Each structure stands twice: as structure tokens, then as C-alpha cells.
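> build me a model from this:
(3 chains)
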Amino acid sequence: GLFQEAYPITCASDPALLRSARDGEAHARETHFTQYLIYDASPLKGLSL
Amino acid sequence: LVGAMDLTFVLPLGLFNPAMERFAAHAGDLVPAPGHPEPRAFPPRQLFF
Amino acid sequence: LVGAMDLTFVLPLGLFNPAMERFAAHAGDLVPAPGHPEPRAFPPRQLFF
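Numbers count the residues shown, from 1 in each chain, chains lettered A, B, ... in the order given. Below is the structure:
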């Protein structure tokens, strides 16, 4: 309510994209033919749960 | 000394890849069985998280 | 103090992967000899462990 902001999470359009974006974004398949992916950018990134 | 951090989250759903990012990053990858349509070529409606 | 424990287990047979997940990670892999039918696109009837 202060920044009037929000954050994404780890989400994508395919399970194929969800698999290779696992262990982090060192090799994140961020985009593909029509598909896409969002790596989590958040105060909650880097944590477990 | 315990409490709540409330964070709203944003997920774009069913949007579409822009005109530049429609590549594959390698030739042979995300390939179907040879009698199958490769469903990654149409606009996505699914979402995974 | 040397004790006991039981666990129950779930194993799937014969199921079929959903259509978004029928992909392969790479194109050239799990290929037979060049005159052979590629039986990997068949309904799975086994389970190994």
C-alpha cells in the first residue's frame, strides 16, 4: 500500500518451461515460439517456500 | 514479534509473445513425436505455477 | 529401541501424458537403427523401479 506495487512469481505457459526453470535462472528458458516465462523477481526470491 | 507481510501478486495470463522473441535458441528442442502438431505454436491459454 | 515402520506406495501403469507434455527435450535422441519403428510414441504398458 506504500509503493502501490506488486510482484511476480515463478510462472510460465508450459510445464516444459517450468522444468528447465528449476534450480534457478542460470539457464532459464525465458521465451519460446509463442510461449513465455517469468522468473520470480521479489523480496521472496532466494528463499525456499 | 510475529506478524504478517501481505504482498499482492501479478500474473499475466493468456497474453502473447511480441514480434521479436519467437525463436527457439537451438534447432532441435521442444520437438513433438513426428505425427503431432507441436502445440507450442499457438497462443497459450494455460498457466503454471 | 530397534523398531519398525511401514510405508505405502503408489505406482502408475498405462497412463498417458497430457498433450502439452508429450514433447521431447531435444530432437535427436532415443532414435533406433534407421529401419526401426520408434516404439517410444506408443502407450506405455510397463513400469520399472
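> what's the neighbour count on the residue in chain B that chain C sits nearest to?
Here chain B gets closest to chain C at one residue, residue B:28, 2.7 Å apart by CB to the nearest CB. (C-beta placed from N, C-alpha, C; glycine too.) Other residues near residue B:28 come to 12 when the count uses other CB atoms under 10 Å in any protein chain shown.
> so what's residue A:33 up against?
B:17, B:22, B:23, B:24, B:30, B:38, B:40, B:41 (CB atoms under 8 Å, 6 or more residues apart in numbering or on different chains).
> these in strands, which ones?
residue B:30 (DSSP state E).
> who wins for neighbours among the contacts of residue A:33?
residue B:30 (22 neighbours).
> contacts only, for that residue.
A:16, A:32, A:33, B:24, B:38, B:40, C:23, C:24, C:25.
> relative to chain C, how far out is the first one?
Meaning residue A:16. Computed as CB to the nearest CB, to the nearest Å, the residue A:16 to chain C distance reads 5 Å.
> try the third one
Distance of residue A:33 to chain C, computed by CB to the nearest CB: 12 Å.
> same thing with the second one?
Between residue A:32 and chain C the distance is 11 Å, computed by CB to the nearest CB.
> residues from chain A in reach of chain C?
By CB under 8 Å from any CB of the partner chain, the part of chain A that sits against chain C consists of A:14, A:15, A:16.
> quick one, phi psi at the first one?
Backbone torsions of residue A:14, given as degrees, to the nearest 10, read phi -140, psi 150.
> which residue comes closest to it once chain neighbours are left out?
residue A:35 (5.4 Å; CB to CB, 6 or more residues apart in numbering or on different chains).
> surely residue A:37 meets residue A:19?
No - Residue A:37 lies out of contact with residue A:19 (CB atoms under 8 Å); the separation is 10.9 Å.
> just the buried ones from the residues of chain A next to chain C?
A:14, A:16 (16 or more other CB atoms under 10 Å in any protein chain shown).
> helices along chain A, start to end?
A:15-20 (DSSP state H).
> next, name the residue at the spatial heart of it.
With distances taken as CA atoms, centre = their mean, residue A:39 lies nearest the centre of chain A, 2.1 Å away.
> run a quick neighbour tally on residue A:31.
Residues near residue A:31, counting by other CB under 10 Å, number 20.
> related to what we said a few turns ago, my guess is the residue of chain B closest to chain C meets residue C:31, correct?
No - shown here, residue B:28 and residue C:31 do not form a contact pair, counting by CB under 8 Å, at 11.3 Å.
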